[PDB]
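For reference, the chain that follows is the form deposited in one PDB entry, supplied as structure tokens.
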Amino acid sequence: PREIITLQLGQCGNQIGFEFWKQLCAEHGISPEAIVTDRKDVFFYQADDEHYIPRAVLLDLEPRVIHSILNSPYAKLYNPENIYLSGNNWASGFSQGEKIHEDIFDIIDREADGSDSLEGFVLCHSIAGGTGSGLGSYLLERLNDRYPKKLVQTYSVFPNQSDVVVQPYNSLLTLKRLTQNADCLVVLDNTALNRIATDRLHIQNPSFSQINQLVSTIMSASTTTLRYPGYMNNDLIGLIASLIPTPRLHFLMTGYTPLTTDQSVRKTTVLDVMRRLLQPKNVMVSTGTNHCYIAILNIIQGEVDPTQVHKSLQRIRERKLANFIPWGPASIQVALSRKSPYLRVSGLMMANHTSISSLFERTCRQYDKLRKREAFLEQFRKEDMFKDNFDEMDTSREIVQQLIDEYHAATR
């Protein structure tokens, strides 16, 4: 009975958000407007007309994308007063936030009021880009003050592997606000998203639409214990806490099992489901010994019987399929959630793994390069960049890579 307000920034933020609500809607029997026991309250609000609307906030610096949603089959769903429209650069993005502060928080504070027990905020956005990273980083810094206790989680979209030129810039500046101004970071690697769409799906030119179909599934599954509540795992923090033992290190990777087909099989049990959630080919992140997990969560939908589950774990302990940390209790959690009373096993993984730092590394290597040449610094140094906050960020980020690597050490 805890609420979650969702912030959607920039094209990416709003296009994966579009898919997210399209999916939650199908599951809670809600139409592109309203209705036809699950907890709808967590993500939905009761309309003053016995109808339903999402606790969502569409924020963009360009009209193109929001008007796509508005001129679509889901225009009636969104709360009209929760949509806001005001530049390629993080700086430009961080800037326009301060300028639109009051207008933005009028919507955020109002939704915050409606809730009777607000747990926290979820921010959907991309790391590269201007809006997502810039306006995203600003909001992240403000939420950390206007609401000190409320938890903050994000589904952050990492670029593919350019054609923006300064992604490594926007990216570093944001990774900083994601390290200290965020409780939980579900990382969505566009590179890994592609490989899948392409391989385990056979699409030569995977579009964002297509790609966001995957993201929607993870976003959807990773919240099933909150929408189809049980005794344990009903708090968002009930999950995040079990996945993040120490702060800072809160960058999680995900993975899904039943990804394709329609061709039938002889038998699919929770066994091969958990076994697969451990094969890197299903892990939606791209990494390239020593590294290990810090925690692992497995959410299974459909029939199961918690006896079969004890058996799958054993086979794993003996087949050395999961390399956990060396400095402590190596354990994978299982949560048997239901599905919606509308259209076999299904599995979603959420792991806090060490090799996640690779992306942070892969970014600094790029930042550094472009930095050592004063590349494109002219467009950013066009607004309160008469010196360097870049240096502050890079160092912070190097800290994240230091502890994530420091975490695979038995010494830790």
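For every residue, the number given is its place in the sequence shown, counted from 1. Here the rigid core means the biggest group of C-alpha atoms that line up within 1.5 Å when the two forms are laid on top of each other.
A.B. asks: With respect to the deposited sequence, is there a break between residue 161 and residue 162 in this entry, and if so is it 1 to 3, 4 to 9, or 10 or more residues, or none at all?
C.D. replies: The entry has a short gap there, with 1 to 3 residues left out between residue 161 and residue 162.
A.B. asks: Would you tell me which stretch averages the higher CA B-factor in the PDB entry, 250-258 or 323-331?
C.D. replies: It is 323-331 that shows the higher mean C-alpha B-factor.
A.B. asks: Where do the C-alpha atoms have the higher mean temperature factor in this entry, in 116-124 or in 264-272?
C.D. replies: For C-alpha atoms only, the mean B-factor is higher in 264-272.
A.B. asks: Which is it among 47, 42, 57, 350: the one with the largest CA B-factor in the entry?
C.D. replies: Highest CA B-factor of the listed options: 47.
A.B. asks: Have a look at 281, 176, 202, 101 and flag the one whose Cα has the highest B-factor in the entry.
C.D. replies: Comparing C-alpha B-factors across 281, 176, 202, 101, the top value belongs to 202.
A.B. asks: Report the third (lowest, middle or highest) to which the CA temperature factor of residue 317 belongs, ranking only the modelled residues of the same chain.
C.D. replies: Highest third, going by the recorded CA B-factors of the chain.
A.B. asks: Compare the C-alpha B factor of residue 287 with those of the other modelled residues in its chain, then answer lowest, middle or highest third.
C.D. replies: Its C-alpha B-factor, which the entry lists for residue 287, ranks in the highest third among residues of this chain.
A.B. asks: How does residue 147 rank on Cα B-factor within its chain, lowest, middle or highest third?
C.D. replies: Residue 147: CA B-factor falls in the lowest third of its chain.
A.B. asks: Quick one: classify residue 342 as lowest, middle or highest third of the chain based on its Cα B-factor.
C.D. replies: For residue 342, the deposited C-alpha B-factor lands in the highest third.
A.B. asks: Rank-wise, by C-alpha B-factor, drop residue 19 into the lowest, middle or highest third of its chain.
C.D. replies: Lowest third, going by the recorded CA B-factors of the chain.
Separately, the form deposited in another entry exists; it is not shown, and the next lines address it.
A.B. asks: Do you see a C-alpha shift of 2 Å or more at residue 19 between this form and the one not shown, with the core held fixed?
C.D. replies: No: residue 19 shifts by under 2 Å between this form and the one not shown.
A.B. asks: Inspect the rigid-core superposition and answer whether the C-alpha of residue 369 shifts by 2 angstroms or more between this form and the one not shown.
C.D. replies: The answer is no, as the C-alpha of residue 369 shifts between this form and the one not shown by less than 2 Å after core alignment.
A.B. asks: Relative to the superposed rigid core, does the CA atom of residue 210 travel 2 Å or more between this form and the one not shown?
C.D. replies: No: residue 210 shifts by under 2 Å between this form and the one not shown.
A.B. asks: Once you compare with this form, do the C-alpha atoms of residue 396 and residue 379 lie closer or farther in the other entry, given a change of 3 Å or more?
C.D. replies: The answer is closer, because the C-alphas of residue 396 and residue 379 approach each other in the other entry by 3 Å or more.
A.B. asks: Compare the CA separation of residue 296 and residue 400 in the other entry with the one in the displayed structure, and answer closer or farther (the difference is at least 3 Å).
C.D. replies: Relative to this form, farther apart in the other entry.
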